[PDB]
Each structure stands twice: as structure tokens, then as C-alpha cells.
Amino acid sequence: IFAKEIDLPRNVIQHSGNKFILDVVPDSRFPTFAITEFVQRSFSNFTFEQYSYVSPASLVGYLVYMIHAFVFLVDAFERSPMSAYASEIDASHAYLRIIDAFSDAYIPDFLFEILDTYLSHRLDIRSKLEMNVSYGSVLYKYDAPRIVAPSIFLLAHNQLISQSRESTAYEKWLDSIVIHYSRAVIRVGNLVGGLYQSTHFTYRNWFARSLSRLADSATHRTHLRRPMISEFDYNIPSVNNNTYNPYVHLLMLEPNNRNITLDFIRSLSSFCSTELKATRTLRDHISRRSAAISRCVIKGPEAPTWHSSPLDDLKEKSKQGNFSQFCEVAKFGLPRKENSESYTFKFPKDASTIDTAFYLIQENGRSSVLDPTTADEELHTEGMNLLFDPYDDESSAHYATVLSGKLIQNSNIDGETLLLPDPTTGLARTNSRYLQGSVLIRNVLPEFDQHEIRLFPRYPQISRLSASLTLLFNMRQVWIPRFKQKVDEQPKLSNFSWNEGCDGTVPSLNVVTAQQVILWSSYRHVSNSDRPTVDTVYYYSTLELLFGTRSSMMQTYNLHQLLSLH
Amino acid sequence: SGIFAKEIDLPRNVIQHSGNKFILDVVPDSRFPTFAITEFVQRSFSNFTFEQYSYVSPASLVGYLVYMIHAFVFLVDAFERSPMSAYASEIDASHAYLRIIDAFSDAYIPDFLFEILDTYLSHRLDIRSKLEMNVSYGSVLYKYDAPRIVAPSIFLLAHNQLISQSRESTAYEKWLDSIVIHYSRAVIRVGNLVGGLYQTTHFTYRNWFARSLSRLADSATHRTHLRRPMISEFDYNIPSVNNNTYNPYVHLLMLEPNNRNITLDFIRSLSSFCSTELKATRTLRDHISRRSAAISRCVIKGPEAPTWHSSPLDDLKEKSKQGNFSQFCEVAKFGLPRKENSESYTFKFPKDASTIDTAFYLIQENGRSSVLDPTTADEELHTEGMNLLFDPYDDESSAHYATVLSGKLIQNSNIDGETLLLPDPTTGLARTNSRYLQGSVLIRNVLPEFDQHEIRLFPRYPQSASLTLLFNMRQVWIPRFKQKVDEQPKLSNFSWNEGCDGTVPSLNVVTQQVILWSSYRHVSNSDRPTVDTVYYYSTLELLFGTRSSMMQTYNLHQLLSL
Amino acid sequence: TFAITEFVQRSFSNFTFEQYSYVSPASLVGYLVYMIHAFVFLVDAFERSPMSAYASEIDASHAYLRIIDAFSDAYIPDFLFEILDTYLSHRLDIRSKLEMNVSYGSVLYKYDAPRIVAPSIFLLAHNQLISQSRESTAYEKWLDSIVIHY
Amino acid sequence: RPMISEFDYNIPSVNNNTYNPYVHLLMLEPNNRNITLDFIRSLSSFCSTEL
Amino acid sequence: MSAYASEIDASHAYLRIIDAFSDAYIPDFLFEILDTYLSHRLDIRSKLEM
Amino acid sequence: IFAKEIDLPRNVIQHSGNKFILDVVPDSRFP
């Protein structure tokens, strides 16, 4: 009736938002686990006599290699613009020969079940928000054990051949140096979490129990039943913060490794083609597009499968260790430290000269009840996962989600605040609210540095009603009022939530504005096109500020409780 | 379908729970449908026609069409909401008022009003398969919602004023004098609810709602019916309620025990007019069970000036004078400046300042003052503001034609942030999937609009922005330290609100400071609405997401302009 | 209630039924106790001639029609009809105007309160099975739970 | 293994003039109307699916 | 409507004359003139009316 | 080529003008 009079399609302001690239970095421990179990159940059907490099370790390293190769091809040929890590790889003829080698290398149909979840995606209404997979946000002390280096499996190939009749033959593999990171010898036992010291000890977690089968030389007579055999002469690179490129390290593109890398790629591509009946490549697959990248696994506090402690060379035979002595070395779930009492606050001698409710220094009254969660095996190895899906509530589509490695691992964040729309501002700024559920990683504790992890618990959700928190006039900071001497009325101290008894050993505040936050996320954002720094990378603690609470949430087990080792 | 699909077998190793049952109420601001209906009547009703009907006026026809919206809300509440609200339980629908309820269930309505009613249809979310949005007035408190739910009896009073000529006052001014209800000991009038008559002299200011409603009692229409008498007087009786006896379905649908003849005759007499002269063929009965996702579309707006005030009015004996916007906003208590410090309380402070650590003491040396200033009443800023258009499913501006007319709105004046509870994988999936009250404010903290409170508009921050809460989102910790601590704590991580004297907000965290009205609500129990059981949704983006479509448009009085 | 608890303790393992947010042994016992009292209300309000004063006080036509229709169409296991078949109305043969039927329209609280097991007790047990208290068990905090202020 | 949610049940307060067993046993207080309907539907679905 | 047309009352005498010249018969010649006085709204300037 | 990248139907401001009534008063000497 009033359609032509109001004429609202000709009387609106529309803006679809600014351009925003959302980076996805998969935790490669989970596809490595699936690939190792794939090779376990299929390798005896293969003929490897015409190959001097093919072993189970080499085949697992090839498939993990082709995952990282897919990531480089998406970041270099599909992301606009390409990341600063991929721009450092020169387009010279040697690099182009290796890129053409893994662009036409044959991949089995199993690995595309994982790789179809890494396809790019652009939202419908947010038509300038893009999700794509790239390692352009990767720092080594933040992401090193969650990104499985394929050079570990060449060393496992070297140990799988050796004619030794020792009991646990995978322990020389755990000694093998992978990289030098500026002053630091990082071994396989640092990245897989199977060898520590306090005398060397072996801890067999779910990742090392799976990978130890590839480097155990008790079955070396099966792998030596061939005319000609060779070993990988892998050269250990020395990098620092200024020269670390994850694509050069993961794709083995150092100048003293490019011939071995090329022979590795072509030998195992021919092996997959002739024996695994692999017919497909990555070249016709990096331009595909699907909404499966927005599915992720939400985890709580889990124990590491790594530690950053420096290991010496294994001279003797290693003993068997346990969970608690590993978590003391890995610095996970430590108790609350003791008050050293090095600083002293200035409390007045007369107590009637101040209003003591307005003075933040006690008379040594109440102590804190904040205690960290000590490392327990049932809590931190058997915790349940959540399956996130923004578009459909089907559990058959999370088969590839539990294998892929897209995850948000949240330990202590309980709330994220959304900026409410202002109808008086410009609509570009209103429709460009993209960094809402994100934390800048200046505040995020690194996992592969020598830091301590104390798990102060999230509040129990066993209340009777739902809770929320609303911020007035400014959400960017929480006000603490400072009063003048003569005020209008009595200030009521009922809205002040006190954190009684702080002594440097408990959290004093619970607000991170724009060391303290324990978070890893697959979903990231870099604020520029330069080298990723700690001031430019954001970890997304959730995607529900973007996709809503109307999205599907399903609860499941861990992958090692779902995929058995046989 | 996967090498490991049979081994892992996710359909037997996942837990699935859609969440618990949760009903989200929708209370439409019926000023905007009234603004549409008045414009429909002023183009369909000439003063040179329709002279043979005794109860049909522009005023009575607008009142009928406003009545049928509230009738639709009652029918959806009483017959489709599971269970009905306490306000609909108090109606004797089975015996005493069955004739009236059947009268407006079979009353004929023009096809214009179903453009508004198609937006009020019930809706259940897809993945949230136990979250039901439906329209209901079972959350309505009078001092929160009275001027925003336009009472149909106002237009019955306008019809009654169009009959005779008073001493020295116009039909519009005598219509603004007309008492609507006696709420407690107060006398609520049309000039309170429409906002066209304030104060020992009386003044008149036609704001955008009163300027449209003025056409139902203007001088030409009043001169038509004095010089051509046909129209009869409704014998309507004025209700007298309080907090324990108020019911919006009694007041809006005229269901008092002494108004039962009047209401039935009104419904039947204007149903006959709409079926004869307005080609109406459709009723409400087949329409209350229909479902659509149109109820989730809304209009977000910032601080706007009220088209009401709650000051007591005396009887207008003289002729009123001309008023303006600033003098009306002083009476409506909108956009008041910063209050003066009365200095009625004095804190302690040491004569020797080097006995305490001043940076950890919340009382100054009378130093830096607060730079928080309220935004005062500006006509261009508070009447001509821009609106947003929320739609969580589509991206079409043609679909928002009906949501500007519907009145489904969120009017946020000072809230800048809402915190989402993140999912805990170690709790129950029912509790994780039942995060429904995120983005709600309990109305114990919300400033009432039709009580006689004062609205000072401290501004939101000018527009990334992010805030992360650790270990507990329910409260923001303020640390109180031991004397001997491990290391010196960092003072630079504190945000100080300096110079708080009781005239500026001391805190920004709400665990009445909140200035909010929302159409989207939730009631905790099946009882009468209290201030401790009603929530106002300041947003819907915790539920639907920032991937929802947001457009930007003008006010309805700038689209349907005069 | 003693029969229903034994039916639930054999039909509900702690190793199963982990995807439901409101289902417990406690809540299931409370549901099955609720449906007995629901049957008594329906017989009183729709079959006793006339209904009792307690059933006259329920706004069955408008306000509580959704709830009454919810438990009239609620699904009940076949175990509970073994008890409900004994509660059916009966008129004597030669005493053709003496009607026996089930009704709570004679219930005084100080006479009949512990013998009519309130379903909200089991709702309180469900609520106590969620969190851990200071120094008391879930059973003892369930015994502390207030049912009503009479 | 947290999945179970909390019923937000409100405790009734009656006397001799206001006691009704069909209100107390069937949870028909004005503030318990959401809780009762969700309880009945949520356990009817469980009995129809798993029992 | 303009302020000049709003001053004409909708009483029965005025409505009788308005109904008289609303149903008065007009020859086909005068519609050749009156067809040029029809209203018009521009296409792109969709809120300019003549 | 750059149609989906620029996406100019989703990156413009459009306004068709305000309401304006243009009155025509014929010189009746000619009819």
C-alpha cells in the first residue's frame, strides 16, 4: 500500500563491510595421526622393491609434506595478496622445479578427505570476509609442535633401516636433532614429547605411541628385502626469529636439501601412483571452494605432546617415565607458587585516617581462594571435545573435522565482548566488526617457549540461571572510579566485585584490554602484509560472535579415543 | 564414505542436544503501526463521504485497526504460546468474554493491516529447535511500556470529542485533556501518552506522533460533524487500576466488566463498516497459527526523544499556548544536563599523604575532574536520527518495508558492549546449547520511561575494539592486595575513571543505569511480570551473529512524511 | 514411587544417556510420579460429576490449557499403566449410583502431605546432581532442599 | 561429564486458604509455567525416543 | 491537498456540487485539452511530481 | 574480471532525492 510511497529499496544505505582475510592454520598432529594409522593398515599390501627410499616412515612424511604443500599453494596462488612468508620463496628455476614437482605429485584419495576441509570460503552477506589456509601467521615459539615437520619422518626412515637388535629402537630417533632455533637444539623428543630428562626417560603419549611404530627397527628385515636401499642425508637448518620461514622448513627448501627433497617427492609420487593407485594431484584442487573450513573442534585444557626443555645426547638406555614427571618437565599444570614477599605495600599506622573500603591494600585479612588445576591424566588426556558447525547440524560431516586439525583450544577465557552497532556511525564501521572474538598474541602465552602453564579454572556452569555482562558507554576498558573528597551522596559498594588477597601468585585482574591468556587457535588474522610479529597476529577464541549461537554444537571424544592403533 | 568412517562412526559417538525450551517474547512498539494506520485512514476517508454511519470516524477507524493488532497479540498468546502468560490466564475466555473474543476473531480487517501482522507471526529456530519467538504482552509493565503500546480508547475519546463544541477549547485540545486511565493515584491523559499537552499555563507541541494524530481531530473534521450530525457517542468507562490489578489485555481490548456492551458494539459496528465500505474479507482466526521468520527482523535505533511525558496535568480551562521542543524535553526529562555536586558527603583523607600509597587509594587530593558530559536535547540529533535494519536470514531491502511499519525495535541509548559466554566442553551439552540470555539486561537495571525519572544521556564511545574476560565473565574483579606481595603489580593495566562526584557514572559494568527499550523480551516464570523476572535484549547478534545483514535508513516519519 | 525408582534403576545406566540436558534418574522418576497426579487431575476435572473445588480453581480453559494438553499427550512407558489400570473409575452394579473414582479433592496438607509424593523433590535432586558443595554430599544437600513454605 | 542443566523451579508459598494439591503437584504456579511445560515436553521426548 | 482546497468544507451542499461536476458529461474535444493536465512522476527523480 | 572483486552494486551510495511537488497552473485564455 505504501510500497511506492516509502520506496525503501531506493531509500536505504547499504554497505557489505570491508575486506578481511581470516587465516586458518591446522594442527597437523591429527592428520598425521590419521595418516600413520592409514599406513599401518595398508602397507603390507605394497611392493616396495623397485624403490630405495620407500618405507612407512617415508610414506607418512610424504603425505604430511603434501598437506603443507597444499597450504603453500593456496597461500601463493589463491590468497590476495600472498603472505610475506610465501613472498620470500624465489621464483628461480630450482624452486619452480620443486613447486612443479609437488604440484603434479600423485596423492591418494584418503588425503583429500582431509584436504577438502581446507578449501577457501567467502561468506554470503559478509561478502568481503574470506577464510583461507595459510601459514603466514606462524611464529615458531607459538606454533612449532602443532605443525608437524616432515623431516622427522626422514629420520624415522633412517632409524627404521638399521640392523640393530635392541629392545626400544625408536629412542635413537627421539635423539635426532630437527632444527637449531637460534641457540637451541630441538630434537624429535621435544616435538613429539616422547623423551625427557630430569637420566633419560620415555613417555608414551597418544601421538608418540602412534609415531613410534615408524622408527622401530625390530622389523628391519622386512624393509631390507629389496635390491638397493638408501638413506636420507637431511641437513639440519639453523634459523632465528629474523630468518625463520615455515615454508622453507616444512617443504625442505634449504639450498643443501633441494635435491633430496626433489628425489623424495618424485620417488614417493611414483610409489603412490603405482601401488596406492593415486590418480589425483593438487594443481586442480587449490581453486576449489567449500564451507567446510568453518567447522572446528573446540577443546579445553589438554596436556602437551611436547616440551621445550633442552635435551642432551642419549648415551645409555632410556627408562620409562610417566605423566607427572613429564608435566613437571613440560611445565604443565603447575601448583601456585610461593609468595617471596619481595615487595611491601605502605599501610598506615592509624586506621581511622582512611576509609579502608576505598584502599586497595589490606590489613593482611582475607587470602585468595584461587588455586590452579594440577595436572591430572583423566582431566587433561580424556576431556571431551565440542564440534562446531555454522551451517548444518549433521554429525556425518564431522568425520573429516575430527581428522583435519582445525581447532580452538581454550583454557582460561570465559567471555568475549561484542561491540554493539551504533546507528549514527558509518555503516562500513558497523558492518566491519571482525576482530571481536579475538585476542592479540602479545597477551597469549607461548606453548613452545620455556614458559609455565598454571590453569586457574573457568567458573562452573552449574548455576540455576543464565548469566551475562553488559558494558556501558565504552567496552574497550573497565572503569575503576577515583572519587573526589566532597561528593553528592554515599557511594554504594555493591557493584564492586573484589578480588581479595592478591600476592603476585594469583591473577589480580580478569580483563584483557587492547603472558596471561592460555589459548591456541587455528583461526587467525594478521594486521599487515609483513613478517608476523607478536603485535600483529590475533588468535580467535571463538567464531560465535561471527556466526551466532544459532550454530550447531555437538560433543565428542578425542581422536585417539575414536581411532584405535592396530 | 571415508577410510575410517566405519571405525570412528561419529553417529554413535557424538552427543547431540538442541538446548532447553526457551520462549522469547516480542512486544511491538505500536506507535509505528498507528502512524501507518493514520496515513491509511487519511487517504481512505473523506469528510465528504460516509455520512450514514453512527460510529464511524477517522478516529474510530484508527482505533479499530489499532485494536486488532492487540487482538492478534492476545490470540497468539492465549492460543499459540505454550503455555499462555499470566495476563492471558486472567481473562475469562471460556464463559464471560467468549462473545467478545469470538467477535474480534471473526472481525473483518482490511488487507493493509496484514502487512504488519505478517511480521508478528511465530517462529522457531532451525538448529535452536526449542527456541520459540512469538508475540506476547505478558511482559508488559506500565511504567516501562505504557506510551509505546498505543491504547485504542484514546481514539474512542477523539470520536467522542468530535461531536459537540466546548466553551473555549478545540476538539484536539479537549482530546488531549481526556483521561485514559487512573493508574494508582495518578491521572494519565492523552497528552501524557501522545505528548501534545504539558505544563500554571498549558502548552502544546506536536511531535512526530502527535502531528500525525492531530489529523483525527482537526478543525475541518470537527466542523464537519458539528454541521452534519450523525455520529454517536461511545459510552466508554475509564478504568482504574494499580500494580496488582493492571492487565494490558483488559486495558487495550476494553475487557472491563462495565465496558462489555460498548466493546462488542464497537467491534461489530466497525467490522460491518470495513466489510461494506473498505472491501475487507479476512479475519484473524485463520492467521494466528501461521509461521514465518519475519519476527526476527527489527529496527535498531539510538537515543531518540520521547513522544510522551509523565507529569501530572490539570484540567485545561483556558486555551493552550504554543510550546517548543526544548520546553517539552524539560517536562519529559529527556537529555538533561549534568547535575550539580551538592557536596553532602565527605570522604576521609590523611593529613600526611606519605602514610598511604595514593595510587592504590580511590580518593583524590581533590585533583583531576571528570570530563564526562551528557548529550543534551537536540532536535536534529534526537528526532532525525538514522535507523538500522536487522535481518538474520535475507539481504533484501524490499523485505524491510514491513519492518519499519511493524514497530519491532531495539532502542539502545548507552549500552556499548555485551559479553558472550564461551562454550565449556567439560559441562553438559544442554547447558552449553542453552546460552539464551546472552545479550539481555534484567530490567531492575533498566531506567523506566513512563515513571517520572530523569534521562541523562552520557554518550557511547565514537566509532578494532575487543574485550576478553578471564576465568569468570559474571563479574569484573578489582584487586585488593596483601601488604607483602611477590612483585610490584603493574598499575598501567588499570583504567581509572577519575573525578567521580556522584553526578557522573562511576562504573561501566552492570553485573538504574541502563537506558534501553527493547521489543524482544524474556520472562523467567509463568507469573505476573516483576522487575526481577523480565529481561530486555539489547541485541540479537549473540544469537544470530555479525554475519546478519544490516542496512541503514531514516525514520518512519521521514519516509511517510507530512 | 518405590516401584518407579526400581524401574528407573534397572533402565538407566550411568554409562548411557549422556546427550540429554534434563534427563537423570531423578528427573525421570519425577516425570513418572508427575504423570500419576496428572491422571488424577484429568479424572477429577473431566470424569467426576461434578469436579472438586481443587480442580475448579485451575484455569484449564485459557491459562493452563497448554500444560494440560501437554501432559494429556505426553508419552508414558507401559510400566506405569500397570498402576494406572487400578485407578480407573467404577460404578457398582446394584448400588448403581455409588461411583468410586480417583480424586485429590479431599486432600488436606497436615493429613496427606508425606503420603502424596511431590514431583518437585526429584527436580531438586536433579538440581543437586550438578555441582559440588562445600562439605556435604548430593544426598544431604537434597535432604536440605526446601519444597514449600506452608 | 557435564551435560545436565538446572531446572529453574520456584518454591511455592501457601497456607490453609491458598493450598491446592493440583497446583503444588503439577507445578501450576504462575511463575513456573515455562519450567513445567519444558519439563513435560523434554521428558516426553526422552520416553518416546529411548524408552 | 493545497490550502485553497482545504478551505472548501465537506458539507452536504458542497458535496452536492462536487458530485454534480464529478458526474457531469463532457464532450470529447475538452479531453484533448484535459489529457495534457494529467499528473506525472519522473523515472530517476522518483519523488518529483508534476 | 574485477566484477566480483570491486562488487560495485554492493559498494555504492544511492539516493533518489527528496519529495518535491511541482505545480502546473494553465493559462486558461488559450483553451
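Residues numbered from 1 in each chain as written, not as in the entry; some residues may be left out. Chains lettered and ligands numbered in written order. Part of a larger assembly, values for the part shown. Heavy atoms only, no water. Residues with missing side-chain atoms left out of burial classes, pairs and counts.

- Method of determination, as annotated in the archive: cryo-EM, at 2.5 Å resolution.

**Things to note about the overall build of chain E**
Move 1: Within chain E, the secondary structure is distributed over 3 helices and 1 strand.
Move 2: Traced from its N-terminal end to its C-terminal end, chain E shows the element sequence α-α-α-β.
Move 3: Taken over C-alpha atoms, the radius of gyration comes to 15 Å for chain E, far larger than the 10 Å a tight globule of 50 residues would show.
Move 4: A principal-axis box enclosing the C-alpha atoms of chain E has dimensions of 45 × 30 × 15 Å.
Move 5: When the accessible surface of chain E is summed, it comes to about 4500 Å², and 61% of that surface belongs to carbon and sulfur atoms. (Helix = DSSP H or I, 4+ residues; strand = E, 2+ residues; numbered from the N terminus. Rg over C-alpha atoms; globule rule 2.2 N^0.38 Å. Areas by Shrake-Rupley, 256 points an atom, 1.4 Å probe, with all protein chains shown as cover.)

**A few points about unusual backbone geometry**
Move 1: Put simply, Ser80 of chain A and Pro81 of chain A share a cis peptide bond, and its omega is -5 degrees.
Move 2: Mapped onto the fold, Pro81 of chain A is located in the loop between α3 (56–77) and α4 (84–87).
Move 3: For the bond from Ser49 of chain C to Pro50 of chain C, the omega torsion is 0 degrees, close enough to zero to count as cis.
Move 4: By the secondary structure assignment, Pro50 of chain C is in the loop between α2 (25–46) and α3 (53–56).
Move 5: Phi angles above zero are rare outside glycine, and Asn366 of chain B is one such case at about 50 degrees.

**Some words on the interface of chain D and chain B**
When the parts come together, some accessible area is lost, and that loss is often what is quoted as the size of the interface.
Move 1: Contacts between the two partners involve 15 residues from chain D and, on the opposite side, 25 residues from chain B.
Move 2: Across the contact surface, chain D and chain B share 0 salt bridges.
Move 3: Where chain D packs against chain B, one counts 13 residue pairs in polar contact.
Move 4: Residues that form the side of chain D that touches chain B fall into these classes: 5 nonpolar, 6 polar and 4 charged. (Contact = heavy atoms within 4.5 Å. Salt bridge = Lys/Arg side-chain N within 4 Å of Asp/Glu carboxyl O. Polar contact = N/O pair within 3.5 Å; in protein donor to acceptor, adjacent residues only side chain to side chain. Nonpolar A, V, L, I, M, F, W, Y, C, P; charged D, E, K, R; others polar.)

**Side note on a negative patch on the surface**
Move 1: Where like charges cluster on the molecular surface, the negative patch consists of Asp376, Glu377, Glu378 and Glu382 of chain A.
Move 2: Relative to the helices and strands, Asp376 of chain A resides in the loop between β11 (343–344) and α15 (377–381). (Patch = residues over 30% accessible without salt bridge, like charges linked within 9 Å, V, L, I, M, F, W, Y side chains within 5 Å. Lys, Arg positive; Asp, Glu negative; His and termini not counted. Charge placed at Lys NZ, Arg CZ, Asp CG, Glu CD.)

**What about the interface of chain A and chain B?**
Move 1: Chain A puts 162 residues into the contact, and the matching count from chain B is 161 residues.
Move 2: With 7 residues, the top contributor of residues to the side of chain A that touches chain B is strand β14 (residues 413–419) of chain A.
Move 3: Its residues placed into classes, the side of chain A that touches chain B shows 78 nonpolar, 54 polar and 30 charged.
Move 4: Both strand β18 (residues 486–487) of chain A and strand β11 (residues 345–346) of chain B contribute to a ladder of 2 bridges, which runs antiparallel. Along β11 of chain B, the bridge assignment pairs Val487 of chain A with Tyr345 of chain B. (Pairing = 2+ DSSP bridges.)

**Quick look at helix α2 (residues 31–44) of chain B**
Residue and element names in this part refer to chain B.
Move 1: Here α2 is 14 residues long and its end C-alpha atoms lie 20 Å apart, about the 20 Å a rise of 1.5 Å per residue gives.
Move 2: Among the 14 residues that make up α2, 11 are buried, leaving the element largely enclosed by the rest of the structure.
Move 3: Listed in full, the buried residues belonging to α2 are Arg31, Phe32, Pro33, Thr34, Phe35, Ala36, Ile37, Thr38, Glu39, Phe40 and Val41. (Expected span 1.5 Å × (residues − 1). Buried < 20%, exposed > 50% of the residue type's maximum accessible area, 1.4 Å probe, protein only.)

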